[PDB]
A.B. asks: 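Got a structure for you, questions after.
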Number of protein chains: 2
Amino acid sequence: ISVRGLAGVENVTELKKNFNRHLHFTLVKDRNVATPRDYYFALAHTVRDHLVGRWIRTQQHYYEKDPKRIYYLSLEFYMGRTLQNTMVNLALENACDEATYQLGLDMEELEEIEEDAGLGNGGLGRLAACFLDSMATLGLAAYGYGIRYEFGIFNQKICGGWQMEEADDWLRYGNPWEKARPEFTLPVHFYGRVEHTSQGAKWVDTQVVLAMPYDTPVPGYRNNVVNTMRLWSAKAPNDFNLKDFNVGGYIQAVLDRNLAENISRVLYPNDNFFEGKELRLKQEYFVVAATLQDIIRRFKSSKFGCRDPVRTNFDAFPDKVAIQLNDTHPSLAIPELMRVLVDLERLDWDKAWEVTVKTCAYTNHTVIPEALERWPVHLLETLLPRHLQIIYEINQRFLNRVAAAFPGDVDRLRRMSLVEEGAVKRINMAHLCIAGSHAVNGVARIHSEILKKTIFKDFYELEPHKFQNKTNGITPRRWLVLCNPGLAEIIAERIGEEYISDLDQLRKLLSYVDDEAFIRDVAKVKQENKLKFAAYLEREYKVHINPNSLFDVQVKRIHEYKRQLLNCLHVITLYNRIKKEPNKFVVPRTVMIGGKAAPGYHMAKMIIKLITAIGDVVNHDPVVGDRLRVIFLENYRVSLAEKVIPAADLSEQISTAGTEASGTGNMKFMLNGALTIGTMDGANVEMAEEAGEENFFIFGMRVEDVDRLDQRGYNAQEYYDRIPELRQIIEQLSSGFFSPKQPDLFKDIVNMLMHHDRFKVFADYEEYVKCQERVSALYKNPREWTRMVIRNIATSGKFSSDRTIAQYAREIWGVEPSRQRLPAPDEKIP
Amino acid sequence: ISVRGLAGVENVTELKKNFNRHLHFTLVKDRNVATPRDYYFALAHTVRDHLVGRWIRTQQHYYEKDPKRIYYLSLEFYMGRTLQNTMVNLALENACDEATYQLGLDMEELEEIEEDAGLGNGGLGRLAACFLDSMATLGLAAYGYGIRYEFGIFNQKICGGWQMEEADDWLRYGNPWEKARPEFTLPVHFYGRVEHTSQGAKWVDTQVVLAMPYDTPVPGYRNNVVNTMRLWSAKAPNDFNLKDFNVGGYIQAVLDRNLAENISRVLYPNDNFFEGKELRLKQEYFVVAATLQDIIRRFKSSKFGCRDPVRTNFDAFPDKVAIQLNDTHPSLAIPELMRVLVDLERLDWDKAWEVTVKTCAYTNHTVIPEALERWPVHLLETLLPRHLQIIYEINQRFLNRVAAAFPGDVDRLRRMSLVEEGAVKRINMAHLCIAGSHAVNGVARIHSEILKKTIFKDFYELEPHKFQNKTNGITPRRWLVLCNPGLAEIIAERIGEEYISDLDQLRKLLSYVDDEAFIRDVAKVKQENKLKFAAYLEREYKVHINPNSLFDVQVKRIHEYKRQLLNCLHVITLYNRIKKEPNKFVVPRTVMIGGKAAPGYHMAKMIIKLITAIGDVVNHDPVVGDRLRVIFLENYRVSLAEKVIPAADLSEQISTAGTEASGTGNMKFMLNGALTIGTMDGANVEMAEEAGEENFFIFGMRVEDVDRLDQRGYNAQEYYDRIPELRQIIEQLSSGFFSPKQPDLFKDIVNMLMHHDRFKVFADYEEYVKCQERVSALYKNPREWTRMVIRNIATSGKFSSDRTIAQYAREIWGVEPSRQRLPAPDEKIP
Ligand SMILES: O=c1[nH]cnc2c1ncn2[C@@H]1O[C@H](COP(=O)(O)O)[C@@H](O)[C@H]1O
Ligand SMILES: O=c1[nH]cnc2c1ncn2[C@@H]1O[C@H](COP(=O)(O)O)[C@@H](O)[C@H]1O
Ligand SMILES: OC[C@H]1O[C@H](O)[C@H](O)[C@@H](O)[C@@H]1O
Ligand SMILES: OC[C@H]1O[C@H](O)[C@H](O)[C@@H](O)[C@@H]1O
């Protein structure tokens, strides 16, 4: 059937009776009233049964051996569905496929019923999810820590071509994967004041919110390792949230509990954009506060909570603990670690600081100013009074370090300050993370260089040893084996299965680049993938596409820096050229653009409306026929990505050079048989460097050209004046050609493009359409297109998150990865 | 061990491995980190496994046979713990006791870990729970319908002698008994307006709240019948509760969902008191609206949703459906049934009314005015516009019926109106229930007569056939076998086990009233029970009591009509007599008073403080010694009742004659070996009539004497003037003898007792202490006390809820009870 494992006789029979056990005892249903949703749950429960045994021994193991623990703090974990991924990592897919088949059910139909765990916005949240899988696969004693939002990223609905947002009630039917652990509930404090008495400061008169943990298993790939992702939920204490007496109402007091519990109610839907709301800050401290108590409790036991030097010596803390900060969101971990060590454990400042800097490491994901977290001091002052005091003290001592290093450099002093003066005083969270971490890394080579040359230049000059790079990567399990079994199978037919956990082996496919059968096969799976997607399209969304055309797809969050608009300009250009010479042959294209816009991002929502507006015109022009279709992919999310990426021919990574930190979707397309048209931005540089620039479609300005233009001054009018095709498009938008009933509908876009384009869309236009002509030329030659595809796939090995994690482990965490199978799952009951 | 069933070889082994399966696969724990709470859950899950098989066939059976369905609507269901009760009804107790023992655990210790399902206030909510058990035991196709509150009756804490209320988060750790059924979610409407168009009225522009059901199994006693209790939970739709666009905030929209969901957040803690708040009314319509759709859906299928006359003829509706109204709380079921039939199904008014009156029946539980539900018309007008219209129309036609029956009786017309004029117009819910129900019943003989003679006299004259009586009862399973196995065992030793489901057989115990061994045994179990309680007291609450003293206990909700105050006066009298003649012998007594006061009931909370105040003085007077102790039983609830009742010697049922509708605690004490001191009120009359007045301690005014006094005019001063002992007590309270630091602390109580005593406490004082002297005299003669106890127990058979339910079934629902064992639980999978 494929290498989805063995469909053993004993195990298919075992699976079947357990499926029935759950359908009866767990779901309390009988075959006669069971719906596909019930069947999905019986299977999910049956599959989950297979990893609890491994989950329990993995955790018991770490307790016995007591290795260095890796804690990955993130406010986002973009998990997606977890049924197939668990089957794949446990080598259960074929057995389950067989068993359900015998039960008379279609496993694929049941898989579609599982709701996505959308606890993420985009790139940052998915990275965390890929990292978790790789850390388990590499046998690291790692823990994912975050917030269990009851409402994840909103479900996007397109009404009249406009995005409509609606609550993502992913828990509505229950989550069979998580395990509530109410017995490990921890208290978290807010507000209060600081009392300075005799021997130390005291955080007093605080409001208490409880953090209840929920553990979700994270299985490694076929190694019997099941790590844990612990997600905190907010709960109100039953005392003060009722007991603070003297009138108000008993009923109202109980109803008011949903004020402390709102902390974990919903994920902020912002991608690369900072919103300084109090609710956000509370979520940030809530995950940090609860997680640290857990980390310290685990350490206090270790082998110190037995003997060792005997005396809670936190000197070995950094040798047993490593906490990685996914962006500055969990940055309060630094002053919170200090608060506990100093105020509670009573260590001296310097010893505590040494310990803190040694266990914390920070990861930066963007260079755009509006994405940077700068919290107003009055907020920190009211909500976390002691943390502000600790931050001021950290700043004081850090700046003294700078003064001592750069005598007389008074401007450098204000530039590096953690405290920003001006309208309102703010705390620069990124400066905080650099100061309190022993390592700071970028997510791609050029982004990491940019950090040292620009944004964090002063900090780099102060401590050059802190700055590193760790190029992002994706997990080949979910992003290849799971979503593209057809391609995984033909690769395995030639080079084996060891590449799934050693992606570098794909290089061996280079010797099949002239193999006639392979070329035919690589081409065949892509055709099969396109056919399946084209079908899904009509199934769930309804209104035909042509599977013989070039599948041009750009899927990511809607942003001005990602330039979906530049893509739009090209689409309109194609349309106008066809209308000029209708009877001329052009390569057919289905351009698919999908992604979510943050609810308050006006420009982004206007761009979604433009895309659907273009589709309304292009898709109903009889002269165009089936040569050009414009489709907007609704509700782009992880599970939808698993469907489009394998069916894509062209991947669009066209951000303005210097703006996309790394990107990971680009990697997803490369490993799945799509050719890439993009700018020398983020990881695109390392990808083209790996496949060879000849097998990549690079165009536009490089970082240097962008800066040259900025020195000069960017004037869009110049481009409008010298390019008639561009002029024609802008006047079409301006006159209502794409919006008849509302002719001035797109004035904001035109106005922006002409007067305030921060990402110079027009400057790359000419080279972009020129370059697009070149991919069309190559698509006309199926054999050469596929051969170039093979060159990309065979050379994508470097972009596996296993490589990324191995580097973090060695160069930052100080732990060694291991592909050693844990001692089976085998029963056991001590 | 006892007749807690057989501890079979095959089943104890089967239980044990399943206990381990759950501890591993369900709880995801290993013996080395498992706590008693984990052990309780493994057992609970193991026990629950035994009734799902029976649950599924019982429901499938009712679908095949299609009998008349009984729907018990109540806003309260006081369930308590459900682990032991399930073991008892499934004959699993000994096997589970053995198995856990072999596993090295104490089953009794694990049972104490289960949280009570306190979805009730007192008498009314517990009746519903006893009814459910009896309906299952008598094989009726009955369904319990209500609201799944996430916070039940508050946990009572005594601080400085004052009650403190704190949220009852009973779901904190999960509920292993319920089964969420999100697939049967139903919409409920609120607000909107009424459009009158061409062919009918339309309820439009409403706000939608979703009702998600949760089913809990209700097993009959050893007959393999497992009925269902469906509890609704409020959920917000993900559309409009987000989709009603045009600014406000995406985040705020999501946080605002907890506004529609507040509907099922908390139970109103009022006992026999009406609070006209909007939240209450919304809960009342919410349970009614969701339940009726479910009832009609089930009917539409039946055998009509196959063939029959073919044409949705609702003429057979009353032949297939019976809905019982537990008080006026679910009274909107009447106008809601009309709304659906008329507005949606399009039946003519008269046919719909006929159907409605024929399927609905109402139960009245109290005669005090402040307990009566009178909803302001402006509230109904805004929240349920169409229902108000239907109510006005019902009133119109009903009053025409009256005018026609009593020509010219203009006052009778205003008296009977469903609409009350005055300050604000109100709708009298009770009048609504009488008009739209084919039966109206009281809960005890005297209460039912009072309804006909007083409160509902006019309605009785109009339709005498509607009014009935159904004396309350309690379930002998939870209230005997479960809480007092020792007494159940010795009864079974002489007359067998058939009495558990045929309590009348206890009469056979009358022939052992002179049996020396039985008397010794009856006396022994009571002594063992007292010893166990006296121990629990020191275990969980701490500060000694004497098990040789007479256990004088009054446990019920704190009310002015229950007269805990009259009990207080007696306690103080005993104390004063001892202090007058210290070296005189008096029968030792431990008087225990327990119960909760509604949060806003000032007088009730003042009474709790008086009780603890008396204890502070009495319990620390060296001259009193161990002859008199005053203890306040904290957090009185179902599980605590199972502990005190079996250990009680004297039961206090001293409400003012004519105020306690029936009472059920009185019955609980009678079946468990306690003698009763009380007034000729409620069921006390039927109990004394059953045991013989010679075996009952009756005192005070009868209903007639109370009325005579009211004609005359009640003057408390007269009693104060002629009784020196009474005078001495009031001056003690007035001068601060019981409150030194705050001498005027009890001025409200004294003031009330002297000038506004609605329940004439002083009028019964003399006869009450005189009567108390008589029980002390009899306690001094152990043999005669026990013989009288045997006369009570042997004669309590009439007070089983099986008898009550059999009467409802025959005289109201039109169904026949059946003690037929359903065809085993046996596997099966169609
Ligand atoms: O005190 C202990 N004794 C025995 N095993 C323990 C103890 N603490 C943790 N463990 C084991 O380690 C796993 C890790 O628990 P953690 O504290 O949540 O990391 C547990 O589920 C147990 O198997
Ligand atoms: O349409 C039907 N076909 C077969 N069995 C049904 C059907 N509707 C109800 N049942 C059975 O009746 C039980 C009662 O379901 P209810 O509608 O919730 O009362 C179900 O769990 C099924 O066993
Ligand atoms: O590092 C993970 C991702 O984080 C953010 O989404 C960045 O915009 C993206 O370039 C990066 O790939
Ligand atoms: O009918 C059930 C119970 O309802 C109420 O609590 C009444 O006050 C009580 O007398 C009655 O026994």
Side-chain angles (χ1 to χ4, degrees), chain A residues 28-34 55-66 69 141 143 181 183-184 213 215 228 230 294-295 297-302 305-306 830, chain B residues 28-34 55-66 69 74 76 78 120-131 141 143 181 183-184 213 215 227-228 230 271-273 294-295 297-302 305-306 326-327 363-368 371 441-444 447 470-474 556-557 559 561-562 653 655 659-667 681-684 801 804 830:
Chain A
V28 192
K29 293 263 171 143
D30 60 286
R31 292 295 306 238
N32 300 280
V33 264
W55 197 9
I56 281 163
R57 18 203 326 142
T58 301
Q59 295 313 311
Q60 176 48 284
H61 183 82
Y62 299 161
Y63 172 72
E64 305 273 67
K65 305 320 253 182
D66 183 38
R69 258 78 151 197
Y143 304 75
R181 297 289 203 213
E183 61 268 33
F184 306 125
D215 296 346
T228 301
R230 178 159 275 182
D294 225 32
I295 284 173
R297 162 187 65 70
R298 215 174 260 125
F299 172 77
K300 287 208 168 179
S301 306
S302 258
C306 251
Chain B
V28 192
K29 293 263 171 143
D30 60 286
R31 292 295 306 238
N32 300 280
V33 264
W55 197 9
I56 281 163
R57 18 203 326 142
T58 301
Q59 295 313 311
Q60 176 48 284
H61 183 82
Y62 299 161
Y63 172 72
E64 305 273 67
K65 305 320 253 182
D66 183 38
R69 258 78 151 197
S74 181
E76 283 178 40
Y78 220 164
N121 273 288
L124 173 151
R126 217 307 125 182
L127 190 76
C130 279
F131 272 10
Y143 304 75
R181 297 289 203 213
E183 61 268 33
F184 306 125
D215 296 346
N227 281 348
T228 301
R230 178 159 275 182
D271 186 275
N272 273 286
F273 190 79
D294 225 32
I295 284 173
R297 162 187 65 70
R298 215 174 260 125
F299 172 77
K300 287 208 168 179
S301 306
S302 258
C306 251
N326 197 20
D327 216 329
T363 302
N364 180 270
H365 301 273
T366 182
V367 294
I368 43 182
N441 76 277
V443 292
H447 163 57
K470 294 292 170 272
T471 307
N472 288 164
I474 48 148
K556 60 244 277 94
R557 286 293 299 256
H559 262 286
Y561 91 87
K562 313 260 209 206
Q653 313 296 332
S655 54
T659 73
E660 190 68 275
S662 163
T664 40
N666 47 179
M667 298 168 185
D681 200 22
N684 287 5
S801 38
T804 305

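In the text below, chain A, chain B and the rest are named by the order of the sequence lines, each starting its count at 1. As the structure lists them, so they are numbered: ligands from 1, and atoms in each ligand from 1. Note that these values count all heavy atoms, side chains included, but never hydrogens, waters or copies made by symmetry.
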A.B. asks: Apply the side chain to side chain donor-acceptor pair (under 3.5 Å) test between B/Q653 and each candidate in B/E660, B/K562, B/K556; give the one that qualifies.
C.D. replies: B/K556

A.B. asks: Please name the residue in the list B/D681, B/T659, B/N364 that meets the side chain to side chain donor-acceptor pair (under 3.5 Å) test with B/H447.
C.D. replies: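 Considering B/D681, B/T659, B/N364, a side chain to side chain donor-acceptor pair (under 3.5 Å) with B/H447 is found only for B/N364.
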
A.B. asks: Of all the atoms in ligand 4, which lie at a distance below 4.0 Å from a heavy atom belonging to B/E660?
C.D. replies: 7 (C), 8 (O), 9 (C), 10 (O)

A.B. asks: Show the atoms of ligand 4 that are less than 4.0 angstrom away from any heavy atom in B/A661.
C.D. replies: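 The atoms of ligand 4 under 4.0 Å from a heavy atom of B/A661 are 10 (O).
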
A.B. asks: Heavy-atom contacts with B/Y561 under 4.0 Å: which atoms of ligand 4 show up? List them by number with element.
C.D. replies: 8 (O)

A.B. asks: Do me a favour and list the nearest non-hydrogen protein atom to atom 2 (C) of ligand 2 with residue, atom name and distance?
C.D. replies: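 Its nearest protein heavy-atom neighbour is B/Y63 OH, 3.6 Å.
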
A.B. asks: For B/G663, is the nearest heavy atom under 4.0 Å from an atom of ligand 4?
C.D. replies: yes

A.B. asks: Should you measure from each heavy atom of B/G123, which atoms of ligand 4 turn up under 4.0 Å away?
C.D. replies: 2 (C), 3 (C), 4 (O), 6 (O)

A.B. asks: Has ligand 4 got any nitrogen or oxygen that is less than 3.5 angstrom from a nitrogen or oxygen of B/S662?
C.D. replies: yes

A.B. asks: Is there a donor in the side chain of B/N441 and an acceptor in the side chain of B/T363, or the other way round, less than 3.5 Å apart?
C.D. replies: yes

A.B. asks: With rounding to the nearest 0.5 Å, note down the distance linking OH in B/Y561 to OG1 in B/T366.
C.D. replies: 6.0 Å

A.B. asks: Which atoms from ligand 2 have a heavy atom of B/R297 less than 4.0 Å away?
C.D. replies: 17 (O)

A.B. asks: Considering A/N32, B/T58, A/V33, which one's heavy-atom position lies nearest to atom 22 (C) of ligand 2?
C.D. replies: A/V33

A.B. asks: So, taking the atom named CZ in A/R57 and the one named CD in A/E64, what distance separates them when rounded to the nearest 0.5 Å?
C.D. replies: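 The CD atom of A/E64 is 11.5 Å from CZ of A/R57, to the nearest 0.5 Å.
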
A.B. asks: Can you tell me how far CD1 of A/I295 sits from CZ of A/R69, rounded to the nearest 0.5 angstrom?
C.D. replies: 11.0 Å

A.B. asks: Decide whether a cation-pi geometry holds between B/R298 and B/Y143; the criteria are a distance under 6.0 Å from NZ or CZ to the six-membered ring centre and an angle within 45° of the ring axis.
C.D. replies: yes

A.B. asks: At a non-hydrogen distance cut-off of under 4.0 Å, which region of B/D30 contacts ligand 1 (side chain, backbone, both, or neither)?
C.D. replies: side chain

A.B. asks: Could you list which atoms of ligand 1 come closer than 4.0 Å to a heavy atom of A/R298?
C.D. replies: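 Result: 16 (P), 18 (O), 19 (O).
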
A.B. asks: Considering only protein heavy atoms, which is closest to atom 13 (C) of ligand 2, and at what distance to one decimal place?
C.D. replies: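 The closest heavy atom on the protein side is B/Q59 O, 3.6 Å.
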
A.B. asks: Can you measure from CG (A/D294) to CZ (A/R297) and round to the nearest 0.5 angstrom?
C.D. replies: 4.5 Å

A.B. asks: Let me confirm one number: the CG-OG distance from B/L124 to B/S74, rounded to the nearest 0.5 Å.
C.D. replies: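 If I round to the nearest 0.5 Å, the distance is 5.5 Å.
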
A.B. asks: Nearest to atom 7 (C) of ligand 4, what protein heavy atom do you find, and at what distance?
C.D. replies: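 The protein heavy atom lying closest is B/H365 O, 3.5 Å.
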
A.B. asks: Dump the intermediate steps for side chain to side chain contact (heavy atoms under 4.5 Å, CB included) on B/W55 and B/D215, then the final yes or no.
C.D. replies: CA-CA 11 Å; B/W55 197 9; B/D215 296 346; 3.7 Å; yes

A.B. asks: Would B/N272 and B/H365 count as having a side-chain donor-acceptor pair, cut-off 3.5 Å?
C.D. replies: no

A.B. asks: Out of B/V443, B/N472, B/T664, indicate the one that has the non-hydrogen atom closest to atom 2 (C) of ligand 4.
C.D. replies: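 Looking at heavy atoms only, B/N472 sits closest to atom 2 (C) of ligand 4.
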
A.B. asks: Whether the B/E76 and B/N121 side chains hold a donor-acceptor pair (N or O, under 3.5 Å, no angle test) is what I'd like checked.
C.D. replies: yes

A.B. asks: When you look for heavy atoms under 4.0 Å from ligand 4, do you find them on the side chain of B/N272, its backbone, both, or neither?
C.D. replies: side chain

A.B. asks: Is B/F131 in contact with ligand 4, taking contact as a heavy-atom separation below 4.0 Å?
C.D. replies: no

A.B. asks: From atom 15 (O) of ligand 1, is the closest protein heavy-atom distance below 4.0 Å?
C.D. replies: no

A.B. asks: Nearest protein heavy atom to atom 23 (O) of ligand 1, by residue and atom, and its distance?
C.D. replies: A/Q60 NE2, 3.4 Å

A.B. asks: Around atom 4 (O) of ligand 4, find the nearest protein heavy atom and jot down its residue, atom name and distance.
C.D. replies: B/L124 N, 3.5 Å

